[PDB]
A.B. asks: 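Below: one structure in structure tokens.
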There are 2 protein chains.
Amino acid sequence: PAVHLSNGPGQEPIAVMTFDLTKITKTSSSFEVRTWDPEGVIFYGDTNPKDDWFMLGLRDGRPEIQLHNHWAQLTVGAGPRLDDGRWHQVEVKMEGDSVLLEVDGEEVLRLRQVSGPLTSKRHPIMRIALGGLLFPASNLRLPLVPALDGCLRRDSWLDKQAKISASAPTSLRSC
Amino acid sequence: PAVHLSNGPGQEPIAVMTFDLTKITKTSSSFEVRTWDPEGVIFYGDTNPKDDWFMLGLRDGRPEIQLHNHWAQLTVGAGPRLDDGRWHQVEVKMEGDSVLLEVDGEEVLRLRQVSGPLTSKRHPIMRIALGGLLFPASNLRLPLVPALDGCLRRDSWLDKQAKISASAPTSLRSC
Ligand SMILES: C[C@]12CC[C@@H]3c4ccc(O)cc4CC[C@H]3[C@@H]1CC[C@@H]2O
Ligand SMILES: C[C@]12CC[C@@H]3c4ccc(O)cc4CC[C@H]3[C@@H]1CC[C@@H]2O
Ligand SMILES: [Ca+2]
Ligand SMILES: [Ca+2]
């Protein structure tokens with residue numbers, strides 16, 4: 001079962017989850033995505049939308065990560081185009097001080113020395129938003145148009161042990 | 001004709017070129033590299049080894065860029081392993097405010113918003129060192145052992161119009 005990553009004209013995420021970082025052990029997430037859209041947000045995460053935030057999206061068909069925290073601030077593209085209408089496996093892992101991006105079983109990007117441990121963030125509540133940002137797109141380091149006309153399936157985010165809340169799936173729309 | 005990227009035990013580059021940035025028009029370089037070595041420096045560049053420097057190397061077989069300037073400071077891995085004993089084409093381009101890395105005809109990395117124009121650097125003299133750094137390896141954001149047991153060929157760096165000086169090829173060693 002797959003869900004649409006955008007619902008209608010709005011830019012809002014289709015879903016938000018929140019996690020207690022004092023209870024994280026697994027610091028990775030995995031999902032499959034399918035789209036013909038070259039630009040948009042796949043997911044956004046933060047502990048503070050002003051001071052500690054992360055965005056995985058597509059620009060010109062390829063993955064783009066933007067992140068802004070006390071240790072690093074960056075806008076980076078990598079990997080193959082994904083806007084070919086095929087399902088693609090994506091894994092985004094925090095390992096040590098690094099963020100790893102794997103696409104279709106291949107590591108395509110490693111941002112080294114970019115974060116302290118999730119355990120120790122100043123604010124111990126992490127949000128993950130699917131298909132949109134939790135601030136205006138103009139707040140990005142490099143704006144894009146967030147709407148991603150795509151589908152998401154087989155998605156797991158950190159683990160249930162850490163999860164405090166998840167948005168109502170009443171609004172989710174099947175693909 | 002190919003040359004070795006390391007000569008004996010020392011860490012020093014095998015060659016240094018310097019350029020007048022007031023005369024650059026082409027801001028890209030291209031070469032082929034072949035190695036079985038998973039770690040080392042391919043080339044280093046700077047306008048100031050303290051304040052504005054760039055390194056392309058291999059770590060765990062894959063490209064790594066480190067760069068430190070007024071606008072960005074980063075350590076990033078991307079692309080496939082290159083330590084498979086095959087010749088690989090590499091192109092490193094500055095385009096707008098971005099650095100592009102292309103391997104075997106595929107863009108594998110785009111560092112966006114990382115530099116002002118080469119035209120306008122505070123110091124208008126750029127050095128490019130092949131096979132080594134122009135400071136101690138401990139000065140890197142993330143140290144590696146610089147010696148790269150590999151070969152380089154078909155290399156062009158910016159253009160001759162901009163070049164002020166090039167090291168004596170008396171020390172270069174053929175592969
Ligand atoms: C933990 C994840 C990778 C690392 C991400 C990160 C990494 C650094 C940072 O300062 C904030 C965030 C928030 C979102 C995190 C992501 C949410 C899911 C993904 O697996
Ligand atoms: C111009 C090159 C790409 C951009 C590199 C860069 C990029 C940003 C910066 O602040 C310094 C340097 C120095 C070395 C430059 C490289 C030397 C050859 C390569 O093509
Ligand atoms: Ca879009
Ligand atoms: Ca080596």
Side-chain angles (χ1 to χ4, degrees), chain A residues 38-39 41 53-84 90-116 137-144, chain B residues 38-39 41 53-84 90-116 137-144:
Chain A
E39 184 170 315
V41 172
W53 62 263
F54 175 103
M55 195 270 310
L56 172 70
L58 298 181
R59 188 189 303 272
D60 288 314
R62 303 179 191 265
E64 173 171 291
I65 288 170
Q66 289 180 46
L67 80 92
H68 171 93
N69 66 31
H70 183 246
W71 303 109
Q73 312 81 44
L74 55 87
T75 303
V76 178
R81 289 189 83 115
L82 304 185
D83 61 338
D84 62 358
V90 182
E91 192 144 13
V92 187
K93 311 175 185 169
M94 253 205 78
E95 195 175 283
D97 63 28
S98 303
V99 177
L100 286 64
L101 175 67
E102 293 174 7
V103 176
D104 292 329
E106 296 284 352
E107 178 178 321
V108 298
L109 178 65
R110 188 179 291 237
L111 308 174
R112 299 187 190 256
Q113 311 175 295
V114 293
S115 193
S138 58
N139 285 25
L140 291 164
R141 293 168 45 80
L142 184 60
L144 47 65
Chain B
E39 184 170 315
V41 172
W53 62 263
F54 175 103
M55 195 270 310
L56 172 70
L58 298 181
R59 188 189 303 272
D60 288 314
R62 303 179 191 265
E64 173 171 291
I65 288 170
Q66 289 180 46
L67 80 92
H68 171 93
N69 66 31
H70 183 246
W71 303 109
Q73 312 81 44
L74 55 87
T75 303
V76 178
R81 289 189 83 115
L82 304 185
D83 61 338
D84 62 358
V90 182
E91 192 144 13
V92 187
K93 311 175 185 169
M94 253 205 78
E95 195 175 283
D97 63 28
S98 303
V99 177
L100 286 64
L101 175 67
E102 293 174 7
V103 176
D104 292 329
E106 296 284 352
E107 178 178 321
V108 298
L109 178 65
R110 188 179 291 237
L111 308 174
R112 299 187 190 256
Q113 311 175 295
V114 293
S115 193
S138 58
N139 285 25
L140 291 164
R141 293 168 45 80
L142 184 60
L144 47 65

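What's counted below: heavy atoms across the whole structure, side chains too, no hydrogens, waters or symmetry copies. Here is how names work: the chains are called A, B, and so on, in the same order as the sequence lines, proteins then strands, and each is numbered from 1.
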A.B. asks: Which answer fits B:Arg62, side chain, backbone, both or neither, if we ask what part of it has an atom under 4.5 Å from a heavy atom of chain A?
C.D. replies: side chain
A.B. asks: Report which part of B:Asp60 has an atom under 4.5 Å of a heavy atom belonging to chain A: side chain, backbone, both, or neither.
C.D. replies: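 For B:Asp60, the contact with chain A is made by the side chain alone.
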A.B. asks: Go through the atoms of A:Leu74 and report whether side chain, backbone, both or neither lie under 4.5 Å from a heavy atom of chain B.
C.D. replies: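 For A:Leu74, there is no contact with chain B at all, as no heavy atom is under 4.5 Å.
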A.B. asks: So which part of A:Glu107 gets closer than 4.5 Å to some heavy atom of chain B, the side chain, the backbone, both or neither?
C.D. replies: both
A.B. asks: Could you tell me whether the side chain of B:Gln113 and the main chain of A:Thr75 form a donor-acceptor pair under 3.5 Å?
C.D. replies: no
A.B. asks: Which value, rounded to the nearest 0.5 Å, describes the distance between B:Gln66 atom CD and A:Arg112 atom CZ?
C.D. replies: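 Answer for the CD-CZ pair, B:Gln66 versus A:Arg112, is 9.0 Å.
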A.B. asks: By a 4.5 Å heavy-atom criterion (distance strictly below it), what part of A:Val108 contacts chain B: side chain, backbone, both, or neither?
C.D. replies: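 The backbone, not the side chain.
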